[PDB]
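Quick one: experimental structure and sequence below.
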Amino acid sequence: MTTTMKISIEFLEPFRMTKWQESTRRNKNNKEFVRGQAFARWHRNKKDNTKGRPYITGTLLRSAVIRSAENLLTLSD
RNA sequence: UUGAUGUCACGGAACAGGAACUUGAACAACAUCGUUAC
């Protein structure tokens, strides 16, 4: 019914990560959740204990692919 | 550990001001050590 395509990205430069926020101040009114939306995120299991790993939102990769498609469709009319 | 119809964060130089400085003839004469004797 569905087909899975596994991808992997590899960096050539030191990337940048954002801070950890709480589940309350995670809306459009906080000025630290915005301005940190184009970076990687830090997920910590069992909150109130800084122990976890980084990850990357899939919506950000979707937006980048959309921008690349917009820029590639204007070259072939 | 995201949710979708809308992310210019490669949109932003850790930058800007503060004398390791001040003072000094490579020169020269009087002793050191304690007890003996009635």
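Done, it's in. Residues are numbered from 1 along each chain as shown, chains lettered A, B, ... in the order given.

can you list the residues of chain A near RNA strand B?
A:13, A:16, A:23, A:34-35, A:37-39, A:41, A:43-44, A:47, A:52-53, A:55, A:57-60, A:62-63, A:66-67 (Cβ under 7 Å from any atom of the strand). To be clear about C-beta, it is placed using only N, CA and C from the backbone, and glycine gets the same treatment.

Any idea how many residues pack against residue A:7?
Using other Cβ atoms under 10 Å as the criterion, residue A:7 is surrounded by 5 other residues.

Would you map the strands across chain A?
Using DSSP state E, the strands found in chain A span residues A:41-44, A:52-55.

Can you add mean neighbour count and distance to residue A:29 and give these back as JSON lines?
Written out in JSON lines, the entries for these read as follows (neighbours: other Cβ atoms under 10 Å; distance: least, Cβ to Cβ, whole Å):
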{"stretch": "strand A:41-44", "mean neighbour count": "13", "distance to residue A:29": "19"}
{"stretch": "strand A:52-55", "mean neighbour count": "11", "distance to residue A:29": "24"}
